[PDB]
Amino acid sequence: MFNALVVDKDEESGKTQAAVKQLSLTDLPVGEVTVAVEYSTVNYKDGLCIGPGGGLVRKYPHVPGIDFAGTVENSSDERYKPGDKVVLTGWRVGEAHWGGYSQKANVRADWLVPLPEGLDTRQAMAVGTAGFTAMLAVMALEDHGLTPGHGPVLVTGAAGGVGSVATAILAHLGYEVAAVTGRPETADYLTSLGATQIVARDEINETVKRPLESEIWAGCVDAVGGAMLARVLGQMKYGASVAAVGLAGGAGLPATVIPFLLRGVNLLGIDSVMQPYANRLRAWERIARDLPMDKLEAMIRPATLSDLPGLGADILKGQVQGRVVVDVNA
């Protein structure tokens, strides 16, 4: 038997409860590949799936965790054999299916990627969906003409999970990074990832009546959304793009069409969940090459399965800095 985080729900009442529990192999859903999980992580979505559910989990009891990395235990699929190191992000694992907060996980072989060269299973989850999303965002900006030397790139929610990898990848590629945070004590941490400028959240988290402001940002990785994304749109330089990745600041988008029409701005939707295999390999290769491992190490916060109920709650309130690494075998 083995350890896993299990969420139960009281349907009469609707309340949920998450606890570490012992399971057997036969309690897992059947699948092509069985992985002995070595590491997982905590994303904002995991926070939802650990606690309230946010309408993302449709079957209880539930093992959350949208990410994991580990070693293949058994497989009925040619692509993977016992011993192979593999990473799982997204594919609705941790939401529609049992996920990574477990010493063992069963998945479809289509959902896995080989462990990328230059990362171990621990760093792969230090990156996680948050870091993978950050790389997809940077790639979207590059595909739309972003190159260093044409103004600061804004990174909202910069001290969080997506923001910390975004900041470090962009800094390492040679960009000037303007890191947004509502908590000024995070400045030294952000500067140590490579932030050049620190923007206060309260400068930029309300809409204003003017549909256009002074052109400032050469690009943006938006891990916040909400009113702040609406306000940010009116401050992008002509022809610059914003990569939308986050909704912690709220799902609503109180924007105007004026930045798009008058300044040729783009709002680019970043989805990590359903990324095709080939693009997953490309983004992971870019992370291997463009995210300095010592910068990733400075983000890492260790945790066990027992910590997950507290960490899940904390990340929903924006009180988790950097990237949590869950040693499911600790």
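Residue positions are given as counts along the sequence shown, with the first one as 1.
Here 229 to 237 and 70 to 78 are compared by their mean Cα B-factor, and 70 to 78 comes out higher. Looking at 202 to 210 and 160 to 168 together, the entry lists the larger mean B-factor for 202 to 210, computed on C-alpha atoms.
Of the candidates 278, 270, 267, 305, the one whose C-alpha carries the top B factor in the deposited record is 278.
Residue 294: CA B factor in the middle third of modelled residues in this chain (values from the PDB entry). In the PDB entry, residue 46 places in the middle third of its chain by CA B-factor. Per the deposited record, the Cα B-factor of residue 129 falls in the lowest third when ranked against the other modelled residues of its chain. For residue 28, the recorded CA B-factor ranks within the highest third of the chain. Only modelled residues enter the ranking. In this PDB entry, the Cα temperature factor of residue 144 sits in the bottom third of its chain's modelled residues, the lowest group.
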